[PDB]
Amino acid sequence: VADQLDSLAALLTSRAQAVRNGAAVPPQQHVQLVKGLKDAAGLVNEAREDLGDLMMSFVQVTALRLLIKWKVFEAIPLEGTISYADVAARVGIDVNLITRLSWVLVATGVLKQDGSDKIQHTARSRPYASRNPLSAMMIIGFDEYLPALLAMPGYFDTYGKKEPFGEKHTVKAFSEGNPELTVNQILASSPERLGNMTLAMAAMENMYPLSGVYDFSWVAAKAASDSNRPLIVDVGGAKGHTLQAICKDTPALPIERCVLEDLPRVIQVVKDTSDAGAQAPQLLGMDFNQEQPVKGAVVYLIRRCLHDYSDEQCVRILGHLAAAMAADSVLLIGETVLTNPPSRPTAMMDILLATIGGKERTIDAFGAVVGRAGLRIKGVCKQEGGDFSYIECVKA
Ligand SMILES: C[C@@H]1C=C[C@@H]2CCCC[C@H]2[C@@H]1C(=O)c1c(O)c(-c2ccc(O)cc2)c[nH]c1=O
Ligand SMILES: C[S@@+](CC[C@H](N)C(=O)[O-])C[C@H]1O[C@@H](n2cnc3c(N)ncnc32)[C@H](O)[C@@H]1O
């Protein structure tokens, strides 16, 4: 591990004077530098500093959450400085408490202190001065996921030390005090909490376009060779933005020949929020745990659905699609494919999904589930720079 410190020290020299020059540097040279600093921190640190760093992260997020809630970030102008006293008068809060929590963010570099008594925003804190997907993600992480993680030791004593699956008795619902409610029922308990999750999830809206990654002209051929045939069925496709993004790309394949499927309540909202003559696919309310209604489509897409469920439930879902598929049909599973071992962010998400009854999977775990549903994996397209993939499956 001698040369690891040198690859990073040579990467911190490249980034060093690109700052002094002001010239931007490649998008994925920032991500390798980000990864190196983490790993080096891992090497140099010992368990004592690990615990201190972890505890500092919890205090930092607590200060972030409170100063957001108290509108303190709003009260700090985006440029220039303001005194702690003036901030405290603006938000009507004890200047001593404002100062102590601000000092946490000064010490970690989220805020900057000027002199003995003035505070100012940095690039790292400006997103928290308004409502947007980043500040929503901050709030959701703290209000939703942190209590569930904290409750896990007691959860696994209570329910047994096994992977948690199932709609009721989630770690989340247990941590909320009502293990009989589903996560949907709980986030619906207050339309403000529902609104934050919706805004927060907008950050992953654009995600990884199926349009650029997958060719689809073979579907157009089928669309031309059979102009009577269901083309693309988006199983659990929510708003159908994936489907629309595809069909402008594919000349002989039009949005009107595709089918957006989701729960009836979701489909009804699609209807009520669409402009009168907008071009639209067919809309079908349905339950993908039951028989697939559209038979013989060219492509079935199931994107970011299977990770919410156990292997057994995924086999049920996929078996319904396999039964509806024809011999030339393709099923595309859009999911993270964990490496063994997984990356830091995907392992993080794997445990967050456990709090709601889901999991991320390796390609071996997908293969087991796909085969049990009477399918086989023909290929995988993996996004550049990450692990989110489209797994191309066909009838076995
Ligand atoms: C937006 C959310 C709010 C704050 C969290 C803080 C940062 C880590 C996770 C964030 C959360 C989040 O991103 C979530 C996901 O990405 C997914 C997700 C999981 C697998 C996928 O193939 C695609 C998306 C599921 N459920 C989430 O909640
Ligand atoms: C994580 S969202 C994925 C949305 C879309 N596929 C995308 O990539 O953004 C999961 C979707 O599955 C839908 N869903 C959950 N259970 C379902 C079911 N039993 N039948 C049909 N759709 C379901 C939800 O309404 C939601 O729109």
Side-chain angles (χ1 to χ4, degrees), residues 34-35 37-39 41-42 45 47-76 78 84 87-88 91 93-113 119-155 170-177 183 186-187 190 192-204 343-356:
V34 152
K35 195 191 180 295
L37 287 174
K38 295 182 200 298
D39 300 313
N45 284 255
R48 169 75 94 143
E49 302 109 88
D50 282 350
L51 285 204
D53 291 358
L54 290 162
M55 283 294 337
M56 179 82 270
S57 296
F58 289 63
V59 174
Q60 180 181 330
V61 85
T62 301
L64 281 175
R65 181 68 187 89
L66 291 167
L67 267 41
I68 275 159
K69 186 185 208 323
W70 298 346
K71 311 270 183 192
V72 170
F73 290 122
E74 262 184 58
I76 301 176
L78 302 173
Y84 288 119
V87 174
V91 298
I93 293 170
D94 180 9
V95 67
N96 295 327
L97 183 55
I98 295 308
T99 298
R100 297 171 60 189
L101 290 162
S102 295
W103 273 346
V104 171
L105 301 182
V106 171
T108 54
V110 167
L111 296 174
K112 182 176 316 302
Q113 185 167 305
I119 197 75
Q120 84 190 44
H121 276 286
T122 76
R124 293 166 64 197
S125 67
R126 283 189 189 103
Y128 302 127
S130 63
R131 186 188 218 234
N132 56 69
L134 286 115
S135 66
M137 275 184 16
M138 205 290 319
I139 290 165
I140 288 315
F142 190 98
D143 291 0
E144 316 293 339
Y145 286 113
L146 304 191
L149 294 174
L150 177 73
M152 269 183 163
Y155 178 93
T170 56
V171 188
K172 189 186 177 60
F174 172 81
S175 77
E176 183 99 345
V183 176
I186 293 184
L187 285 152
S190 147
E192 185 245 15
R193 213 150 76 144
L194 211 168
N196 298 1
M197 181 67 73
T198 301
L199 170 65
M201 293 305 314
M204 300 92 212
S343 70
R344 275 190 192 80
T346 60
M348 180 190 77
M349 186 66 59
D350 189 31
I351 302 314
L352 302 180
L353 289 182
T355 72
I356 55 90

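Index from 1, following the sequence. Hydrogens, waters and symmetry mates are skipped; everything else that's a heavy atom, side chains included, is used.
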Check: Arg193 side chain, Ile186 main-chain N or O, donor-acceptor pair, under 3.5 Å: yes
Pairwise distance OG1(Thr122) to CG(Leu78) - rounded to 0.5 angstrom: 11.5 Å
pair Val183-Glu144: side-chain heavy atoms closer than 4.5 Å: no
Flag side-chain contact, heavy atom, 4.5 Å: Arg65 against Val61: no
Validation row: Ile140, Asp143 side chains within 4.5 angstrom (heavy atoms): no
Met137 and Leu199: CA distance, side-chain angles, deciding distance, side chain to side chain contact (heavy atoms under 4.5 Å, CB included) verdict: CA-CA 8 Å; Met137 275 184 16; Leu199 170 65; over 6 Å; no
Closest contact, heavy atoms only, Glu74 versus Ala129: CG-O, 3.2 Å
Exam field: side chain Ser125 to backbone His121, donor-acceptor pair closer than 3.5 Å: no
Where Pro133 and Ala202 come nearest, the two heavy atoms and their spacing: CG-CB, 4.3 Å
Contact summary for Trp70 and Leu101, nearest pair of heavy atoms: CZ3-CD1, 3.5 Å
Pairwise distance CE(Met349) to CD1(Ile351) - rounded to 0.5 angstrom: 11.5 Å
Value rounded to 0.5 Å, distance of CD in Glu49 from CG in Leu54: 11.5 Å
Distance-minimising heavy-atom pair for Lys172 and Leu187: CE-CG, 4.5 Å
For the student: nearest non-hydrogen atoms of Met152 and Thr355, plus distance: CE-CG2, 3.8 Å
CD1 on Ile76 to CD1 on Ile119, rounded to 0.5 Å: 5.5 Å
4.5 Å side-chain heavy-atom contact, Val87 and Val95: no
Presence of salt bridge, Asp94 and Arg100, under 4.0 angstrom: no
Separation between CG of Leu150 and OH of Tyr155, rounded to the nearest 0.5 Å: 15.0 Å
Side chain to side chain contact (heavy atoms under 4.5 Å, CB included) between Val171 and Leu149, intermediate numbers included: CA-CA 8 Å; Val171 188; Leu149 294 174; over 6 Å; no
Validation row: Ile139, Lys69 side chains within 4.5 angstrom (heavy atoms): no
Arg48 atom CZ, neighbour heavy-atom count above 12 within 6.0 Å: no
Euclidean distance, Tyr84 OH relative to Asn96 CG, rounded to 0.5 Å: 12.0 Å
Flag side-chain contact, heavy atom, 4.5 Å: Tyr128 against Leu105: no
Shortest non-hydrogen contact from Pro127 toward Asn132: O-ND2, 2.8 Å
